[PDB]
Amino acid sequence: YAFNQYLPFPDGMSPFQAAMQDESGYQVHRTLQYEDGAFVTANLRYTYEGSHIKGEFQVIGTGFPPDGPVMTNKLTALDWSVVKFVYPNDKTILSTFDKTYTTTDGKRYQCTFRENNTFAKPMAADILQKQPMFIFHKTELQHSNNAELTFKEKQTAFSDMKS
C-alpha cells in the first residue's frame, strides 16, 4: 500500500484521510529486510490538488542475489497480508507486517516490513483510542512485460473480529 488516503477507518476517516482533508499532511519512511540479506528502503512524499494526489516515491534496494527470485523474475504474487498499526505518539504510526511472496518453485520469499507515518499535526483522539488497528491488504498485479504494469488493491481496516 502507498496511497492510504483511500483507506477509511471502521467508524470514520483514517488519520491519512484527515491529514489530506485539513491540508496538514504526512510523510512515509520504510525499511524492508529480505530473507536473503537484501534490503529495501523507501521514502513516500505527497502533494495534493484537491481530490488529486501526486506521489513522489524513492525506493532503493541493495544486496539482491543475481540468482535470486527478485533479479531472476521468479516472484508470482504477493500474499494477502494483515498490517498492524500502533501509535507510539500522537504524530506517528508504526506499521509492521511479515511480507511474503509466492515464487515459481513453490517456496515463499519473506521480508520483515517496518514503516513510520509521520504527521504534521496530531491525529484525532478517536484514532488514538483504538489500538492496535489492523488492515487486511489484497493486491493484484498484471504485466505482460517488465515495462508496463497494472495494479489493483483492496484494503479493510479492523480492530476486532468475532465468532
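Start at 1 and count along the sequence shown; that's the residue number.
Looking at mean Cα B-factors across 38 to 46 and 65 to 73, the upper value is held by 65 to 73. Across the two stretches, 108 to 116 and 129 to 137, the PDB entry reports the greater mean Cα temperature factor for 129 to 137. Annotation for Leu94: CA B-factor lies in the lowest third of the chain's modelled residues.
The entry lists a Cα temperature factor for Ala124 that places it in the highest third of the chain's modelled residues.
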